[PDB]
Structures are given as structure tokens and as C-alpha cells.
Amino acid sequence: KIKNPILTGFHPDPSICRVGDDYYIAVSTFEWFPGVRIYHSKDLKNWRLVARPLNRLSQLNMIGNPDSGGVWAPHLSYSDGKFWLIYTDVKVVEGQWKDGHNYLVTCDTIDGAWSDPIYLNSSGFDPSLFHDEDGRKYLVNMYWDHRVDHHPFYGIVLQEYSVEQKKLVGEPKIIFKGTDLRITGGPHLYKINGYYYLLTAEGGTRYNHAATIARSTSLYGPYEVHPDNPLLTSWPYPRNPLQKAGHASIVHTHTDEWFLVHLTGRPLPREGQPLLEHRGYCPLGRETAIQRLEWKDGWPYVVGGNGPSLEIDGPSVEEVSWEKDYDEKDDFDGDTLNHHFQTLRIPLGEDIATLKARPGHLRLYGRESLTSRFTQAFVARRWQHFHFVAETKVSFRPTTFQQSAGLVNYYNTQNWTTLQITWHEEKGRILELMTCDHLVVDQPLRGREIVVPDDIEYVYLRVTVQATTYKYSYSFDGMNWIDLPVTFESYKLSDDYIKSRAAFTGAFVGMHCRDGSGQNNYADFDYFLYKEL
Amino acid sequence: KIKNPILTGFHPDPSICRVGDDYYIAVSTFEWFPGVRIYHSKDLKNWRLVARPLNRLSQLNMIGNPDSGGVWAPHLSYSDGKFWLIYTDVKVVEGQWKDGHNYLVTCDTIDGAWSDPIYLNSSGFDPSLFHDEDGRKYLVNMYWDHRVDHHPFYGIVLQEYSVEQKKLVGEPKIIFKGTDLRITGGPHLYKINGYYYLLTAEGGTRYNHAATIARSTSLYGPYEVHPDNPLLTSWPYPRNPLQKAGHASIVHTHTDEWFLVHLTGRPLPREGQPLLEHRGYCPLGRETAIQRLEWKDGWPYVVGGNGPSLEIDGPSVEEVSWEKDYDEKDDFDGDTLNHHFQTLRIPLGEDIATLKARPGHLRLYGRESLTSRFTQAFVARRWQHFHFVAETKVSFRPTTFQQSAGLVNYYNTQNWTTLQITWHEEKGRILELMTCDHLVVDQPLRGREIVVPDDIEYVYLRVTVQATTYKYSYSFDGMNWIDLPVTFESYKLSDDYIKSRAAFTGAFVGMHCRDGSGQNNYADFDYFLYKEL
Amino acid sequence: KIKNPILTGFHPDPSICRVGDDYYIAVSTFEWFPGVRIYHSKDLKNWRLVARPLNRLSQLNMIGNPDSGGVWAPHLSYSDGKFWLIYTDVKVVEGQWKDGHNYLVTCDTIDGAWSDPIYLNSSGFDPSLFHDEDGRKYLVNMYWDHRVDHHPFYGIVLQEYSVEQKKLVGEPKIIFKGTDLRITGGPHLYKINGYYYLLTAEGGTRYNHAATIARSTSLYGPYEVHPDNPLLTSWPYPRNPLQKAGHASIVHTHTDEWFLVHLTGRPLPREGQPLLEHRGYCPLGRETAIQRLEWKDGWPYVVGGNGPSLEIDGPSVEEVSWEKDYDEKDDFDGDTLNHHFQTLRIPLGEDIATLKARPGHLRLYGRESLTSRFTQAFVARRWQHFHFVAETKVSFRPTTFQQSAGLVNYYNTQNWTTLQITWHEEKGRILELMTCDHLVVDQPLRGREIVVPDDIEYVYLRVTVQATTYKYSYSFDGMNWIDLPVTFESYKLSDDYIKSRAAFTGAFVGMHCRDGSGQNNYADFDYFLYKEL
Ligand SMILES: O[C@@H]1[C@@H](O)[C@H](O[C@@H]2CO[C@@H](O)[C@H](O)[C@H]2O)OC[C@H]1O
Ligand SMILES: O[C@@H]1[C@@H](O)[C@H](O[C@@H]2CO[C@@H](O)[C@H](O)[C@H]2O)OC[C@H]1O
Ligand SMILES: O[C@@H]1[C@@H](O)[C@H](O[C@@H]2CO[C@@H](O)[C@H](O)[C@H]2O)OC[C@H]1O
Ligand SMILES: [Ca+2]
Ligand SMILES: [Ca+2]
Ligand SMILES: [Ca+2]
């Protein structure tokens, strides 16, 4: 029935929520705006985007945020007639500190106007709100130890949240230090039977990733660990197509069945490479997958063993599939950009991105460069398949080399490639390739750039991705296409390639316009095409 | 019965050879002279050094060799009334190449004058000589592939060796590519029942290490792999005290039992550290362990699952214990230096190291610095326990800062610490500390060096090693000791700490004298003590 | 008249020697064998090589020597009817130490059998022998300070050399600490007027290089510095074609004229580059130039300022031109090799390099990779011009990818390029490009290798160098040439590009053959062509 991953491309830290016979997953969005993506399902198999809750500056202001900062794992729950969303804005993602702030927002409906944030704490990321049977609410998060002689993951801290007072109350207490796997985060609490079950993520979000579960009769512990822990992990299964299985949440379905959503990375093909030396590169980033649970001796178990199964049986419900929610060829005739498009860190107002200036086109007024953590005129969507074609059609008249417009495949500010239109002193309006690898820039088509003739209004830019490699191509008529003679490698746009390890997103493809001269020169994009191949 | 490791401290690549009821293990020695250690046992439990075969420059000329170059995995066998020892002198240990040459030497007895080398080939390291039931001989080794977009371990080459012609004959053929573990080396062949069994090391000599075994009716294959491969590995057993289990050889006893010797690394205590993030630091280098095999369906299995056991049951023989073969406190009264002492790269003649010049003393005439791959007046023995004291008592009168004498804990030319006597312009004869970490030198007693009174003939130098840390101390009278207020970390002298990854030896403790001026100044060492705990 | 440089290409540290009206310049050769290159002139304008004195293993044993180790600045003098050559063998060229030994060899003639070496000291490099007017002989050299808190160049040490005893006698003493430029080496003593004069190299052998002169009535000092020091430097003159001026030696000619030879680097074109940011790359390495001296107030001065002049006025003699000492196209018809080809570290015997085994061809028997500091089957000559073509015609039949033969542009073991013949599993015998940039290897023609058909017996290999860039080209007939579509860059084979700063030689061009398999496969080189363009 259900093939994994259920959410493909960039979809980490899945937090699942049941409301009656409705099902929701919220995933982390990091530096991409708006914050948080919530998907809905009736059968746990088919999923559609229904909410992007953190869409106001008052809720989320990520200007300047480092790559892989911002919205880390979110927590979605429902209680007392409303949804509760807990989220972090992480400001520091390298070194001894992980400075970041936890906030609560609520809404009556999944896609309404969510509240302005209530500040919770800053002690660590992976905040989760637990609603206990007595009406009392509790926040769990990881507690961060910055000290040099110390492992940073100090364990799971718990504190009561007062809905009345709109603040944490009493004293924070450590309830669980984790197992020897350490890197203990992603805590979620469940009152099942006579027990509080504490689900955590351990071993880090790379190849040693795991989901650990423990249980106690006291909310404050101590928690005895699952006798066959890890509950879930891909570490001992180097040939499993689904790696990095961890950061899970549990769902007890209305049909009295149990499932476990978790993140996973799907490495590119690795034939002829040493199985264990390096375990792979994931351009799709961390995706969402689902597993069935079964119960033995007051403990949950993953069906099929503690590794992730590629395919599982769904709950005992009627299949409810969803109509496609984007046009493969999006001609920009809508009044609002399709919801699979995101922007970097900030919302882009009509002064930067507009569907109104020239009907049927997305107009991007040129802002800062592809290396900027501030204001980029960039509108992008996820890679959601290993095999796809993405394509745009743009009219652009750059009068200086400080101006550019193109199709970009982007991981972060220091890691991207692009086929762009720019201006050159002798050659005039030109097409070039530009790549950035850990801030180091290459122009592989120097000085051999494609001269664009004066009488061409639109340049058509395309990328074809084929798993390990991809290629750019262009047309001046949309019919006769010419490949650019550089073969690019998809692993360079993957989490695993990034030297900082603050690499928690995934590859995007989008439309960019830079104007470094500050003359407000703009690009008109007639369509954006994304098509699985 | 048998507790592992059986060869403690730096003892990798164990090649076991049975002759009647005598058992011999040859281990690799790399840059340390002389080349190869051969231990003897009657019972596979108690082992005694009996041979150091590569002890002439005609056999082994390693001056200038890189750290962890020189004598890699050796192979010891017995056939046609003599011992055959195959060895490599590896010259290049970093980069796309691994330039290194294979040699055969023979001797009628284990501890006699071995022959001058017969040059075999250079196609790759881990050479092994197979003696076939029909009286024909074949060489196997790994085949190196230097190419940019190619895994270096091209598989296992085989070629016949002509005993009469003192050379390899026919054409060389690849008989085995390996499993998806790759990094296929350490090939050994055995004719058992109807099959040729080919044993290889795979996964590389760090934590992914494994012994792989395959069989064929044809010497030239194709070889079918063991259905439950690896034969041996520590990889899935992160809590196992014995890690890096691989590079094995098989012994069939005279009692009709089966064992497998293999190398292993014992990480320093890691309490509080993530189990899988980094799997540890091994200052004792790679040690030799032994596992019991049994046979099932024409395949050998390691008794106790495919991970290494700490304690096994030895063969059905009477125990033969050996007397201690070194003095805890070596007073240097003998005519030859104890065989646990080695020198770097080359033999030191009486002009450099002598027990004759000053009765009851080892005299070292100062040569080059601790960073020299050429001529060092350095006499050193292995760290063989996690807890020990080592101590010397030295008479030395430096006239310049270019001269030093001291006690050194040493991994390689670029990684070592020392408590040494030298000379200062203002202070004169001083005792100081010096460290070198990846060539970076520090002097922790900078400006507060211990002034040695002129009326002091002997400075006593001590290191106390307690697992993760160690501490130097000194005395002028040999009864009253003073700690130097610096705590050192043993992990900095471990395989795993070395950035070059050409890190194949282990920590040594020894006596050193430098004379950077060339005035042939010398240090007289009255004794050298080594004591567990 | 005399246009600089006089010795183009790799010719650093010139030591000039007058014999009546004959003039000799010795230069450092570092890892290139045989050691030291002496030139001869009558006019100071025209120079032919006459002697390569250190050509027995007894005098110079450099196998395993680090790149830019071996023979540093040499000292040539004449006294009591014999030549005197003082040289170092430097073993350690990185870190806190510079382990190295100073030797003396003598000869009745320039080109005879120089004696076996007399060991002097090891206290530091740049040794220099001073023959005092009273028959005593004194050695000066730099004194090395290894200490972390200290500047390495401790000053100039002086000790007397007893000719009869063939050793240094008395106590060594520092006679000069240097100026604020520091890095004080290259000491040369001259007794002129009533004063002893001390000439030193200061500021390092890069763009801060300078020649410093001082004087003292006494031999032990204190020496007072030239009131307009430096005597020679290119530091304050960034637009000067001749950079890095220093490490001088004085000649007083029979026509009562004073001249100063020195090393110099000539940076590649730097048009449109910032003047002072990086001062350039010198692929021809450090070359030899001459400047004229005058006298004022007992101090020597360089004519035209303390900056080097591109052209000078030579001595008052009749021009003695020399016959070209090498063939433009060298068909290898002689029974020994042209004295302009050197070997790496060691002499190459008949078993590796031979002109005897094949009439009219240089047979190179394949040995270790281009990254080996041990046994390379490699015969090479200096780049000596910015514009040239080198070329060879090679017969080679590789049976494996482990075998290579070709045309190499080489700086050291880790920085080189080649066009070479090798074997491929599918494509058979092939032509390929290979680069090595600080050990990182590229193959710019991967899957685009030239298939060499089996009816071709000779492949033609050509490099064409044009200042900043160079190209390789091949031919099967020697008439129709095809450029391989890669433009290489000359600055990557310069002294200044080497990250380690132990970069003291220069670009070389040569013929290589590797046999990684150890089968003694061989390349026959029909001719080698060096031709200025
Ligand atoms: O919210 C999630 C985090 O819980 C997760 O935790 C760790 C952050 O530091 C990294 O070095 C570790 O590898 C990682 O496990 O990071 C991912 C984020 O989605
Ligand atoms: O002879 C032994 C070899 O079998 C082995 O070689 C490999 C060298 O590179 C490393 O990355 C691999 O891990 C290692 O297996 O170890 C060296 C020597 O002991
Ligand atoms: O023999 C010559 C040296 O005297 C000379 O001087 C210095 C050697 O150490 C390096 O760190 C400095 O940069 C250099 O100036 O250069 C080498 C040799 O030609
Ligand atoms: Ca449109
Ligand atoms: Ca004694
Ligand atoms: Ca010829």
C-alpha cells in the first residue's frame, strides 16, 4: 500500500498529529520562508500541503539567519479545541553554541491565521508540547551544553506550561540523559497505558541516526529504555535504501492502529564504492517516511525489524488520493504564487516579487547575490525526485555585469549552480554558467559565453536532473534546445557534501534575479515548469 | 583459556604459521628496525619473541621512509624444509600511489640468518605465498589502481612463483575483486577439502575492518563468497572492547582444531561520548588477537558469532609458559640490547648506540632531531599496557640548545612528547617538556624550566601512563620525585589521531639523544625500566 | 654588455671563485643528482658548465630526501693549489628543525675526482670556508635555533678548521647576530683593507631578500653594518624584472674590478594584477645574476643603487664565447647522457637508465611513481626560458594501467604535469594527461583518452611553453600534430606556488617511465628536443 518516502525532497523532523480521522504532518523549514509545512491525509498514504503557518514577520524573522538556521524540528499537536505549534528560530548553528529560541503559536484551524508567538524558552531546540490527561501541559526540549569538556546534548528537559499565564512555570528538570548513542533530541511524550513513553532522536541526523524510546510511571522519570532499543535506525543496515532513520513521532490511529513517521535520507546510487567508508550523498535532503508499529510486553516495535521498510501496510481506511496541487507548467496566471514556491529567510513583497506588474509573468526585481543571507530576489521549489526536468522562460536586459537572472539549483548561499543571463563589455547580453562550492566560484563557460542576439525577447532555461548528474540547456525559441557542455554532479547539492555539518535542508530549483548596481533592473519569468521524468 | 589480545601493543597483520606443534606469528613493523617480529607458541596462548628476520641493510634499507611506510603486512609460511617470509618495503603512503616492493626471504630455521631478498613484484602490498598440494607455488597480493576516478583496491592478483628461477612466471591474473565492502587486501590461500579458500581483509584497517572468505574449485576462481560474510568484523559491535577486527590468517592445529588470528584496536575509555560518532583512539596501535573457528557446510565460522571474543578456548594441548624475556629494570649490563627495543628505520652502529663505551650504561651519541626520517639516536620499546610506568636515569651535559637527551613517548616524527635535558643561555643545564603534534611544537614549561644543579650527575626521568592521560616526573636523587605540572593525553599518540591516515604503528617509549651541532655529544643512560601499572 | 640573468633557469645561491683569470660559479642543486653545478667564464658574460662534483654515493646520498632538501647553498673557494667545495646535505626542511650536515670535498682540478667528504658540523646551513692570510682556515655558517619562543636564525657561527686534523677545532662562537631583517644566513668572509668583511643573506629568499655587508678589524667581531644596508635588495623595487635579489658572493677580478653575483627570481607577467598584493610566480625558480660594485669610505656599493640592474658593464677582457654544449634535437647517439639532464636524488645505473641496450634510444626501465622520493626512472632538464618547446618520441607497450611513460613538466614529487602513454582495460594502449597539484591528482581527459592503434610504434610528445601558459600536443608520425584541449598554467610549477615554502628548485622538463607492476617494462626514447621559441 504505502511506499516510502511519503514526503519526498526536503521534509525533515516529521511531527504527526491526529484530529479525529484527519492526519497532519508538520516538517522543518530552516531558512526557507514561510516557516513550517503542514500536510494533510485521511489514509497516511496520500498527502497534500494544507498550511504554511509562520508567514508573518511577527512570527518568524529570519533576516541574516545562517544557512540551516531558522526553523528546526517543529511540533504539531491538537488539544482543547485548537492546534498547537511549537517551533524554534535557531540563530547560531556552528561552534560551541546553538543559540535559538522556542515559541508557541496556536490556531483553531490548520490553515487559519495562527497567533503571534508566545516565547517559551531558549535552553535548546526540538521543543515539543505534551497535553497530559489532567489538563496540564508540559514542554520538553533538548538542553544544550556548550562546555568544552562536555557532550552538548545534556538530555531532555521538561517544564510545565501555563496556558493561563502564557509562560513556563515551576522549575525545569532533566528527565532523561539518553543512551550511549547520545546526541539526544527530538523528545516526544505519550501517555499510553499506565506509562509515559518518551520518544527521542539519538546518534545524530546522519548515518548513526536512531529513534529511541523509554517509559516511566512518573512524568519526571526515571525512564527505563526499550529492551531492544533502538526502536528505529538505519545504522546497522548499510544496504537499506532508506538511511538516517530517526527523529520520529508516534500516531495512534482512529482505527486503533499504530504508526511511526521518521526522517530518512536516500543516498544517490553508490555502485563500485566501499559500502561503509562513506555512506552516501542525499540531494533530496531528509525526507519523511512511515513505519507500522506493533506492541509486545508494553513496548512498541517497528514491523519488519528495527530498520525502516521501504513499503508498508496502511491503516484500515478507504484510500483518499489528492488532485495535483501545482501545474507542471505554471504559466503564472494565478494571483498568488503556487505554494510549493518558497523564498529565502524573508517574505518578498510586491517591490521584489510580483505577479501584478506584468500579468502572466513573475517579475523579480534584482536584489543581492546568491551568497547573501539577507535579501535575494529568489523564488524556488524543492527537488522532489532524482529524475526531473525543470524549466523557465525569462526576459532580461542587463546593462552591467553586476546584474544577472537565471535558473538556479541551490543548496545554500555557498553551494549552488546556475545558468544565468548577464552583461559583458564586448559581448553584450550573454548566457553563462556559474557555480559556487563552499564559497569558491567558477565560471566554466569563460570566455566562451553564449551571445544572446538583440532580437531575442525570451531566453528559455532548462535543467535536466538524472540522479548522479545533471545538465543545463537553453533555447531562444523554446523548440530548438542546445546543451551547455558541462556535466554537473548532484552530490554537490546534498546535505552530506557540506563541510559545516549545518546542512539540514536539501536541493531547490528556482528563478533568480540579481541587481548589484542597485538600479532595480528586473527579470520577467513567463513560466516555471517542473516535471518528474 | 586464551585472553585477547595475545600480542599486546603495536602488532598488526598477524601471519600465523604452523610447523608440527610449533606455532609462529609474524607481525608488521613498518618504519621500526629491524623488520618483522616473529613470536612462537606451543599452545596459542603464551607467546615469546624468537625472531627479527629483516636485520641487514641488504634485506631492508628504510632510511628516508615515510612514517607508516616500510614493512607492511608480512606473510610467514613453511614448506619444503624451510620458512618463507614475504614482505613489502612501502615507500609512498599518501596520495594516489602506494609505491612499494615485495620480497621473499628464506631460512631453514625461524631465528637464523635469513637469505638476501628475492624481488617478486610491485603491483600492490599484502603479498602472500601459497604452497599447493602438488608442490607448485603461487604469489597473491592486492592490485593497486592509482586512477583518479577508480577505487584503488583493484582486487587480488595471483601469479605462479618459480622456485628454481627465483622469480614469478606465466602471466598475473586477478582472481577476486572483493565484496561491496571493497578495500580488498590481505589475501591468503588455503587448500581445504575440495576447495581453495581465499581469505581477504576488507573495509580498511579502521572501524569498518573485516575478514572476508570465499571459495572455488579453481585456484583462479571464480570464488563464491561465504553466505554469512564477513567471516570476522567488529563493525556491527560498537560496544565490543575489540574493534577493527580483520586482516586475519587461519591456522589448522596438529590437534585438528581451527583458529583465526587477526588484528584489533582497543579504543581508550570513551565514557560519556556518543557511541557511534567517533569510535575511539588506540595508543596501543593494532594488536593481535585469536578467535576459534568451526566448520559448517564447507564454510568456516568464528565461534561466538562473527564478532571477536575477548576470551576463547585454546587448543587441546598442555600449556607451555615462557619466562619473562626482559628485565623490568634494565640495568644495561648485557652485551646486546634487549629485543623489545627497536630503532627508527635503520640499525644504529656502535658509533651511535653502544653498551660498550660506558659499562652498565646505554650510550647514545646525539644525531638528528625527533622530526627526522633519517638518523635518530633513539632506542624505543612499545607501549604494551594502558597502565604503566617507564623510567630512565641519564647522565648528560649539553653545551648548547642544539643538544638534548630525554625520555620520549613517540608515535611518529611529527607526533611525540618528551621530558628532556637541554641547555639554556641564562639558566644553563635545564629539564624541560617538549611536544610535537602534527609538526606543531610546544614547550609547556617555557620560561619555568627546571634548572639542573651542576653537582647532579644523573637526572631521573619518569612517565606514568594511566589510560586516557599520562604525566611526566623527575628526580635528582632517585628517591624524591616531582611531577611536572602538565597532564598529557594518550589519544594524541594513537593511530586514530593522525591526520595523514598513514597511521599504522602505535606508541613507543624510549631514550633519545640529539646533537644538532655535530660535536658528537652523548648521553649515558644507566637504566631503562618498564612496568605494568 | 652582460645581461642578467647569466644563468637562466634553476640556479640559486651563486658562489663565485677566481682562479687567476679563470672564473667559476657553484650553485645549489637540492634533490637533483649529481650535486652542485659549477660554471666557468673568462668574460663573466659567457658561462659553460664544467663540473658536477658530487657524483658518487659516497659524497652525496640523498634517497628519501625531502623536496628542496639535499644540496643547499654551496661554497666554492681556492687556496694552496686546491679547490674547496663546502656543501650541506639537508634532511629536514619543515617544522622547528632543519636537520642537515656540512661537508668538505677538495680537488686539484675543477672537473677531476673530488675527494670523499670531510664532515664538519651540523649546526646550520650555508657553510663557507675562509682561508685567512696567515694560513689558518675558518668555517662560517648560520646557527639554527629550533625553540618555539625564538627566531630560528641565531646568527653566524665561526670556528677554525684544522687542515691537518681534518676537523674543526677550538670553540665555535657567534660573531654576528644580523640586522632587523633577520633570517641571517649565507655568510661569506673577505679580508680587504684593514678589515674583515662579512657578507650575509637576509630577509629570506623571497621578495624581502637582501645582501647585507658588515666589517670588523677583528675576525670574531663586533662587526659594524654598512651605513646604507642592504648592499643588495629588490624589496623596495616592485617593478624590477629581477626580484628576490640577495645571497650574494663577491668577486675581485684580475683587472682590479669588483663584482657581485646573486640569485634572483623573475616573476611571470603581472599586468593588471595589484602591484604589492602578490609579487609573482617564478617557474624558472631562482636564477643567477651579476652586479658591478664600486667603493666609498671602505664600503662596497652596487652600481645604479642597491637594486639589481638588468644589464651591467662587465670586466675589461676580450669576449670568450662558448660552443653550444647540447643538441637541440638529442637523438641519444652518445654513450653517456648530456650533462644538462639530471636525475632525482640518486644516480641512475644501467639497470634503470641506459643508452647501450638500444642503439639511438634512451631506455628507461619503469620504476616508481612521480610522487616517490626514492627510485624514479626519470631524466630531466631545467626550464631555462619562458618561451620554448620540448619534445620526445617514445616506443612503449604497456600491458597494464600500472605502467606509464611520457613527457613530464615537474617541480617536485607533488607538483607536476605529464602527457603519457598507459594501458586501459577497454581502450588498450592510450594517451592521457595527468596533473599533480600538492598531491591532488587530476586526469583532464577521463573517458576522452587518445586510443593509440597497435600499428603505431612511436608516439610523439610535445610541450609548448609560452610564459604564463603551456599546451601539450601529440603525433603518431611527427608531422601532423594535435593539441590536447587543455591549457595548463606555468605559475603552478613555480617556487612561490608551493604551500610548504620548502620550494627552492624550479620547473624541469623530462622523460619518465613507471612500472607499478614491477615487471621491468621499458620505454625507449628516440630523441629528446629542447628548443627555445
Ligand atoms: O531539529 C533537528 C535537530 O534535532 C538535529 O540535531 C543535530 C544538530 O547538530 C548536528 O551536528 C547533528 O548531526 C544533528 O543530529 O539536526 C537536524 C534538525 O532537523
Ligand atoms: O598491510 C596493511 C594493509 O592491509 C592496510 O592497508 C590500507 C591502507 O589505507 C587505509 O585507508 C586502509 O584502511 C587500510 O586497510 O593497513 C596497512 C597495513 O597494516
Ligand atoms: O641555502 C639557501 C638558504 O640559505 C635560503 O634561505 C632560507 C631557508 O629557510 C627558508 O625558510 C627561507 O624562506 C629561506 O630564505 O633558501 C634556501 C637555500 O637556497
Ligand atoms: Ca505566463
Ligand atoms: Ca646500569
Ligand atoms: Ca634516436
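Chains as they are written, first to last, in the numbering used here: chain A, 1 to 533; chain B, 1001 to 1533; chain C, 2001 to 2533. Ideal placement from N, C-alpha and C gives every residue a C-beta, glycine not left out.
Starting from the C-beta of residue i, find all residues in its chain whose C-beta is less than 8 Å away, skip the five residues before and the five after it, and write them out in chain order.
{"i": "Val1441 of chain B", "result": "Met1434, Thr1435"}
{"i": "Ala1113 of chain B", "result": "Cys1107"}
{"i": "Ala467 of chain A", "result": "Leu268, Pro269, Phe386, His387, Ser490"}
{"i": "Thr1264 of chain B", "result": "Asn1004, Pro1005, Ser1234, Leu1242, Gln1243, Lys1244, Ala1245, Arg1286, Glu1287, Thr1288, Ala1289, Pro1308"}
Within a Cβ cutoff of 7 Å, which residues of the same chain sit near residue i, ignoring the five residues on either side of it in sequence?
{"i": "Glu350 of chain A", "result": "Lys356"}
{"i": "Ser2372 of chain C", "result": "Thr2413"}
Report whether the distance from the Cβ of residue i to the nearest heavy atom of ligand 6 is below 7 Å.
{"i": "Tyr2530 of chain C", "result": "no"}
{"i": "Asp1495 of chain B", "result": "no"}
{"i": "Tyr1119 of chain B", "result": "no"}
{"i": "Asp2526 of chain C", "result": "yes"}
Going by the C-beta, is residue i closer than 7 Å to any heavy atom of ligand 3?
{"i": "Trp2235 of chain C", "result": "no"}
Go ahead and label residue i buried or exposed: buried means 16 or more other beta carbons lie within 10 angstroms of its beta carbon, across all protein chains shown.
{"i": "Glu1532 of chain B", "result": "exposed"}
{"i": "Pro398 of chain A", "result": "buried"}
{"i": "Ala1211 of chain B", "result": "buried"}
{"i": "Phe332 of chain A", "result": "buried"}
{"i": "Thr1422 of chain B", "result": "buried"}
{"i": "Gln243 of chain A", "result": "buried"}
{"i": "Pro2241 of chain C", "result": "exposed"}
{"i": "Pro14 of chain A", "result": "buried"}
{"i": "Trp1295 of chain B", "result": "exposed"}
How close, in whole Å, do the beta carbons of residue i and residue j come, if the pair is a contact with beta carbons under 8 Å?
{"i": "residue 946 of chain B", "j": "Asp1043 of chain B", "result": "In this structure chain B extends from 1001 to 1533, so residue 946 of chain B is not present and cannot be described."}
{"i": "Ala2503 of chain C", "j": "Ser2128 of chain C", "result": "24 Å between Cβ atoms; not a contact."}
{"i": "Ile2290 of chain C", "j": "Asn2004 of chain C", "result": "7 Å"}
{"i": "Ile156 of chain A", "j": "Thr184 of chain A", "result": "6 Å"}
Report yes or no: is there a C-beta of chain E within less than 8 Å of the C-beta of residue i?
{"i": "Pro236 of chain A", "result": "In the displayed structure, chain E is absent; the protein chains listed are A, B and C."}
Is residue i near ligand 4, with its Cβ less than 7 Å from a heavy atom?
{"i": "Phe332 of chain A", "result": "yes"}
What I want to know is whether the C-beta of residue i ends up closer than 7 Å to one or more non-hydrogen atoms of ligand 5.
{"i": "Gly1298 of chain B", "result": "no"}
{"i": "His150 of chain A", "result": "no"}
Taking only heavy atoms of ligand 2 into account, decide whether any of them is closer than 7 Å to the Cβ of residue i.
{"i": "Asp2145 of chain C", "result": "no"}
Query raised in the report: In the segment 1090 to 1123 of chain B, which residues sit with their C-beta less than 8 Å from some C-beta in chain C, listed in chain order?
Result: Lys1091, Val1092, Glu1094, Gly1095, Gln1096, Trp1097, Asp1099, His1101, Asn1102, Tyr1119, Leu1120, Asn1121, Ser1122, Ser1123
Requested in this report: Residues of the segment 1178 to 1205 of chain B with a CB closer than 9 Å to any CB of chain A: list them in chain order, please.
Outcome: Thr1179, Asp1180, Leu1181, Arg1182, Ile1183, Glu1202, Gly1203, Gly1204
Query raised in the report: Closer than 7 Å, Cβ to any Cβ of chain C: which residues of the segment 1411 to 1437 of chain B, in chain order?
Result: none
Query raised in the report: Taking Cβ-Cβ distances below 8 Å as the criterion, which residues of the segment 1049 to 1064 of chain B are in contact with chain C?
Result: From the segment 1049 to 1064 of chain B, only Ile1063, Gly1064 have a Cβ closer than 8 Å to chain C.
Query - Cβ-based contacts, 8 Å cut-off: residues of the segment 271 to 299 of chain A near chain B - result: Cβ contacts with chain B come from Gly272, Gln273, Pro274, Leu275, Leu276, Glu277.
Report task. Could you run through the segment 132 to 161 of chain A and flag, in chain order, every residue whose CB is less than 9 Å away from some CB of chain B? Result -> Residues of the segment 132 to 161 of chain A with a Cβ closer than 9 Å to any Cβ of chain B, in chain order: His150, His151, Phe153.
Requested in this report: Give, in chain order, every residue of the segment 1492 to 1516 of chain B whose Cβ lies closer than 7 Å to some Cβ of chain C.
Outcome: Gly1516
Query - Members of the segment 1442 to 1458 of chain B that neighbour chain C once the beta carbon cut-off is set at 9 Å - result: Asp1442, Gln1443, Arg1446, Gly1447
Query - Near-chain B residues of the segment 2347 to 2376 of chain C - C-beta to any C-beta below 7 Å - result: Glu2368, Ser2369, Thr2371, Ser2372, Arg2373, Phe2374
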